[PDB]
Amino acid sequence: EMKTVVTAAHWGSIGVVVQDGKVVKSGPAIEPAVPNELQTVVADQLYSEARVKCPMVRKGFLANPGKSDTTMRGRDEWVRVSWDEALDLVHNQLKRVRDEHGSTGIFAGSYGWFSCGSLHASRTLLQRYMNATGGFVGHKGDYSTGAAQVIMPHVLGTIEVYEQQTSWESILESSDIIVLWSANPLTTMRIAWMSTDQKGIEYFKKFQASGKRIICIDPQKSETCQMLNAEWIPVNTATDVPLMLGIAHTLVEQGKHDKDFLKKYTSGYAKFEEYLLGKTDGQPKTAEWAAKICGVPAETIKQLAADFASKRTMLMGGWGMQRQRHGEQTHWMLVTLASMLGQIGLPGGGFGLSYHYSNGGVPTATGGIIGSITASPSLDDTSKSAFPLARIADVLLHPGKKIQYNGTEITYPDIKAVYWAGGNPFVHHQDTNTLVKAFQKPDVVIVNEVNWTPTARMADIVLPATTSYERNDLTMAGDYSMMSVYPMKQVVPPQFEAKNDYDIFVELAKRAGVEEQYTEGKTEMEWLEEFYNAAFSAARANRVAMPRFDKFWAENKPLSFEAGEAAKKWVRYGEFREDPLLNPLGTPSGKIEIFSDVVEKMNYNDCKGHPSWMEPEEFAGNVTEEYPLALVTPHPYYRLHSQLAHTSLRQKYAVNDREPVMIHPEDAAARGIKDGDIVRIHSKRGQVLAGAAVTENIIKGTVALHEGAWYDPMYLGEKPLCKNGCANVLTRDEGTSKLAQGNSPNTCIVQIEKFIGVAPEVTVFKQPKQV
Ligand SMILES: Nc1nc2c(c(=O)[nH]1)N[C@H]1C(S)=C(S)[C@@H](COP(=O)(O)OP(=O)(O)OC[C@H]3O[C@@H](n4cnc5c(=O)[nH]c(N)nc54)[C@H](O)[C@@H]3O)O[C@H]1N2
Ligand SMILES: Nc1nc2c(c(=O)[nH]1)N[C@H]1C(S)=C(S)[C@@H](COP(=O)(O)OP(=O)(O)OC[C@H]3O[C@@H](n4cnc5c(=O)[nH]c(N)nc54)[C@H](O)[C@@H]3O)O[C@H]1N2
Ligand SMILES: [Mo]
Ligand SMILES: [O]
């Protein structure tokens with residue numbers, strides 16, 4: 001009559017209370033250091049009226065499958081169909097593309113975060129089906145570190161951003177200063193790719209409790225800065241390279257840089273110093289020069305230099321500052337600065353590029369790691385067609401176009417079919433109006449979705465998918481500690497006519513005659529036992545005993561491992577520092593590449609051989625009369641991107657039923673805007689409505705609109721107005737540079753005005769037309 005079921009999500013292990021077959025409460029299965037409200041809305045996710053309840057097809061698509069008026073996408077009426085008919089239609093439409101163009105005509109990169117779980121990984125299951133039927137065009141990189149993950153291999157010989165960090169125990173014991181540079185961990189570590197072990201936030205609180213210095217360098221006084229009682233250094237968005245250069249110049253000018261470290265562990269510093277001192281362009285990159293650009297007073301720049309060089313300092317760089325034009329320069333320069341400080345490889349010293357993401361630094365436990373489903377079941381030349389994924393709109397609009405990327409050339413393919421399963425590009429991709437046009441080009445657009453997202457509303461065929469709570473699965477506490485195996489026990493039966501993505505793709509696999517290769521003859525629970533036994537065997541090899549799967553599953557509790565002393569004491573780059581000749585980096589020199597011949601020899605206009613300041617098209621430094629404010633689009637506290645936007649958590653932040661925009665009181669007063677007013681934000685790309693949140697917690701001249709609000713266009717006969725405040729309606733869709741071609745949202749300027757009139761009803765969380 002009343003039971004508690006343990007399952008999990010990106011936002012942690014979750015206990016779910018079921019009362020007479022209905023979910024009535026959800027919360028942490030393991031008490032966290034800071035409450036995580038994301039864990040409390042399982043019932044909202046299960047029973048929401050925004051859920052896709054039945055297979056649906058666009059009316060105009062039904063009239064002429066694969067030959068419709070595609071300008072009707074997003075505008076049409078929806079027809080309920082049976083699963084039989086929808087699956088026959090999907091199979092037929094994909095087969096037509098394969099028959100006429102082959103695998104290069106299908107895009108199934110399907111970027112998204114979907115839900116955690118080893119088996120029910122909607123994106124992987126889609127790609128497993130696509131590969132079982134001949135292949136598909138995928139993508140390269142990701143939206144999180146599109147720039148940093150390309151430049152760091154050139155500088156450090158490794159991807160760096162998704163690797164274990166120096167142990168938090170070492171930071172607690174030895175760091176005098178931690179600098180949160182474009183990092184908001186008390187927001188961004190409420191989730192992990194698997195399931196957050198919740199220990200990263202705890203360690204930040206332990207460091208706060210030590211009383212040692214925490215510095216936040218950010219255009220906003222973030223949730224982290226406020227909750228950790230930290231020192232706020234306001235900085236203009238996209239001006240961190242000038243600030244780092246000013247700090248670097250001060251170090252040289254005062255003889256505080258570590259010349260011994262630079263000599264032994266880096267390559268090309270001299271070429272960089274010539275630029276730093278103004279010997280190549282005639283402009284020394286002084287603190288006074290930097291202050292004009294980044295808004296940090298020159299004397300504050302100098303004191304940071306002195307404090308960093310005299311105290312054991314860990315530079316924790318987040319990723320907002322590389323999600324922008326020339327983003328490659330920021331973490332390149334951060335590494336360069338850390339090299340000049342000379343503390344890389346010391347306890348509590350150096351830099352880290354994942355202390356803000358998925359609990360980096362939490363000591364790695366000794367245990368086992370479960371398996372998971374792959375896209376490889378057991379003529380396809382799509383590898384050459386993969387492109388940097390943020391070029392998606394460019395690809396759909398310009399088939400055959402060639403671009404430069406990381407020293408090579410890529411030719412866009414000719415995409416006829418788009419299948420998304422577990423992502424929301426009409427919220428996550430930049431310049432939404434251009435994406436609308438791009439999605440008119442494919443012959444067929446298919447979406448598996450839990451809810452009626454803006455992406456589903458732009459499709460031809462929408463298939464209802466289940467949540468994690470309607471199926472069984474396994475995940476880990478992570479993403480680096482690997483300290484627990486979390487069970488994901490089914491809480492309720494599938495709702496409405498929703499199906500697990502697994503079952504959707506089994507049915508399509510049957511229609512193509514590849515069911516056996518897809519399922520491998522296994523049931524849901526047989527898949528999970530196999531994944532579990534992979535961890536069982538690895539734990540055994542590590543001298544750790546685990547219960548049998550059936551015992552583990554019956555207990556329905558997290559199974560946790562312990563970290564040993566080696567993990568608790570581990571220092572990143574410690575071996576390199578001990579002996580760089582015997583422990584070289586995977587770079588051409590074997591050292592830190594402050595100057596990279598490889599990058600220089602590419603001869604790109606927007607990326608030189610060493611870190612440099614290159615003014616972007618739009619930022620605080622070149623706002624105009626027409627667009628006098630700069631924009632930054634940080635990640636939200638009460639959503640995972642667009643996930644949970646439809647839940648009761650919306651009431652915790654919506655202002656006048658719009659996404660809130662942080663605006664400085666001086667910029668608000670100049671516009672007659674008071675707290676709580678609906679405002680109109682517009683750029684050269686589009687216009688959205690938001691709710692004014694007037695606050696000194698944002699640097700003057702800049703406004704912050706969090707990413708992830710559901711695009712809700714108001715069609716009034718054109719770049720229609722978003723009624724809800726989707727940030728990417730406003731952003732530029734362009735590569736960071738020819739090196740990485742990452743996405744560049746956070747270099748943007750806008751205008752804001754008080755909205756006069758009656759506020760449009762927000763309709764994007766309700767069933768669409770003709771359900
Ligand atoms: N202006 C700006 N834009 C940005 C960013 C920014 O910082 N500023 N950040 C970028 C980055 S780092 C990210 S990773 C992206 C996020 O981009 P997305 O990953 O697309 O955002 P999500 O809201 O997580 O979308 C996940 C979708 O998967 C669905 N889903 C969940 N579980 C399942 C399932 O089991 N089956 C199926 N079929 N669907 C499921 C959810 O309903 C949800 O719609 O945004 C990027 N865009
Ligand atoms: N609750 C929640 N947690 C999450 C996510 C979520 O959507 N919701 N997204 C997850 C995923 S997919 C990702 S990739 C990571 C994102 O990890 P991050 O990229 O670090 O998340 P952002 O909010 O974009 O972090 C940028 C922070 O630095 C600021 N900032 C932005 N641009 C600049 C700049 O140019 N210079 C300086 N000095 N500061 C800048 C932002 O205001 C913001 O406070 O977080 C993950 N964790
Ligand atoms: Mo991300
Ligand atoms: O990501």
Side-chain angles (χ1 to χ4, degrees), residues 66 70-71 73 93-94 96-112 123 126-127 130-131 134-143 146-147 149-150 323 325 327-328 375 379-421 423 425-426 428-447 455 458-460 602-607 685 728 731-745:
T70 62
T71 73
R73 284 172 183 149
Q93 285 298 292
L94 293 176
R96 180 185 301 175
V97 174
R98 290 194 183 281
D99 288 353
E100 293 179 9
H101 308 93
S103 291
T104 63
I106 299 169
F107 183 70
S110 183
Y111 185 83
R123 177 180 181 266
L126 166 63
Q127 294 182 350
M130 288 296 176
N131 279 335
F136 67 96
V137 176
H139 62 248
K140 305 153 97 87
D142 57 50
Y143 280 87
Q149 80 178 238
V150 175
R323 212 172 293 114
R325 192 76 159 90
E328 300 92 338
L379 183 52
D380 172 22
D381 69 335
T382 55
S383 286
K384 291 307 216 196
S385 293
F387 51 86
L389 85 176
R391 301 288 80 229
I392 177 59
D394 207 22
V395 167
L396 296 176
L397 291 171
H398 309 131
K401 173 174 165 184
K402 306 193 187 290
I403 69 174
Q404 311 298 296
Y405 165 77
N406 197 16
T408 76
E409 205 188 47
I410 285 161
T411 299
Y412 289 173
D414 190 4
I415 298 302
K416 312 304 188 176
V418 175
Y419 204 141
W420 233 283
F426 275 85
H428 79 225
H429 187 66
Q430 289 65 52
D431 188 0
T432 313
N433 292 125
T434 296
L435 186 66
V436 171
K437 304 303 212 211
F439 262 66
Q440 295 176 357
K441 298 289 157 185
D443 293 337
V444 61
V445 178
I446 303 137
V447 175
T455 295
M458 281 291 301
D460 299 321
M602 295 175 183
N603 196 45
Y604 290 151
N605 280 308
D606 45 9
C607 193
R685 292 104 239 160
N728 277 320
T731 53
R732 297 166 62 87
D733 179 14
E734 58 182 4
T736 56
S737 81
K738 292 176 216 80
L739 185 67
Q741 298 280 7
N743 71 110
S744 304

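The first residue of the sequence shown is numbered 1, and numbering continues consecutively from there. Computation of the quantities below employed the complete heavy-atom set of this structure, encompassing side-chain atoms and omitting hydrogens, waters and symmetry-equivalent molecules.
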d(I415 CD1, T104 OG1) to nearest 0.5 Å is 7.0 Å
Salt bridge check, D431 against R732: does any charged N sit closer than 4.0 Å to a carboxylate O?
no
Do side-chain atoms of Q741 reach the backbone of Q404 as a donor and acceptor pair under 3.5 angstrom?
yes
Looking at side-chain heavy atoms only, is the closest gap between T382 and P413 below 4.5 Å?
no
Taking all atoms of both residues into account, what is the closest heavy-atom pair of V137 and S385, and its distance?
CG1-O, 3.8 Å
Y419 vs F136 side-chain heavy atoms within contact, under 4.5 Å:
no
Could you pull out all residues at least two apart from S737 that satisfy side chain to side chain donor-acceptor pair (under 3.5 Å)?
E328
Let me see the working for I392 and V418 under side-chain contact (heavy atoms from CB on, under 4.5 Å), right down to the final yes or no.
CA-CA 11 Å; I392 177 59; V418 175; 5.8 Å; no
Taking C-beta and beyond as the side chain, do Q93 and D443 meet within less than 4.5 Å on heavy atoms?
no
Sorted by chain and number, sequence neighbours left out, side chain to side chain contact (heavy atoms under 4.5 Å, CB included) with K441 holds for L397
Taking C-beta and beyond as the side chain, do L396 and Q440 meet within less than 4.5 Å on heavy atoms?
no
For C607 and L739, work out which heavy atoms get closest and say how close.
SG-CD2, 3.6 Å
Among all residues two or more places apart in sequence or in another chain, which pass the side chain to side chain donor-acceptor pair (under 3.5 Å) test with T455?
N424
For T411, check side chain to side chain contact (heavy atoms under 4.5 Å, CB included) against everything at least two apart and list the hits.
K402
What distance separates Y412 OH from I403 CD1, expressed to the nearest 0.5 Å?
3.5 Å
For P399, does its backbone N or O pair with a side-chain atom of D414 as donor and acceptor, under 3.5 Å?
no
Is there a side-chain contact between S110 and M130, using heavy atoms and a 4.5 Å cut-off?
no
Taking all non-hydrogen atoms of both residues into account, name the closest pair between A393 and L435 and its distance.
CB-CD1, 4.1 Å
Starting at CG of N743, measure out to OH of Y143 and round the result to the nearest 0.5 Å.
6.5 Å
Give, for atom CD of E734 and atom CG of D394, the distance between the pair rounded to the nearest 0.5 Å.
11.5 Å
What's the separation between atom OG1 in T731 and atom CZ in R323, rounded to the nearest 0.5 Å?
12.0 Å
Parallel, tilted or perpendicular, judged at 30° and 60°: which one describes the rings of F107 and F387?
parallel
Sole residue of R391, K437, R685 in salt bridge (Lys or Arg N to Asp or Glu O under 4.0 Å) with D733
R391
Results of side chain to side chain donor-acceptor pair (under 3.5 Å) for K140 - residues two or more places apart only
none
Does the side chain of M458 come within less than 4.5 Å of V436's, by heavy atoms?
yes
Heavy-atom nearest pair, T736 first then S744, reads N-OG, 3.1 Å
Closest non-hydrogen contact found for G135 with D380 is CA-OD2, 3.7 Å
Distance only, no hydrogens: is a donor on one side chain within 3.5 Å (strictly under) of an acceptor on the other, for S103 and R98?
yes
Show the nearest heavy-atom pair for residues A459 and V447, with the distance to one decimal.
CB-CG2, 3.7 Å
Heavy-atom neighbours of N605 CG exceed 12 at 6.0 Å:
no
Can you sort out the partners of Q430 under side chain to side chain donor-acceptor pair (under 3.5 Å), two or more places apart, ordered by chain and number?
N728
How are the rings of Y111 and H428 set relative to one another: parallel (under 30°), tilted (30 to 60°) or perpendicular (over 60°)?
perpendicular
At what distance, to the nearest 0.5 angstrom, does CD1 of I106 lie from NZ of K416?
12.0 Å
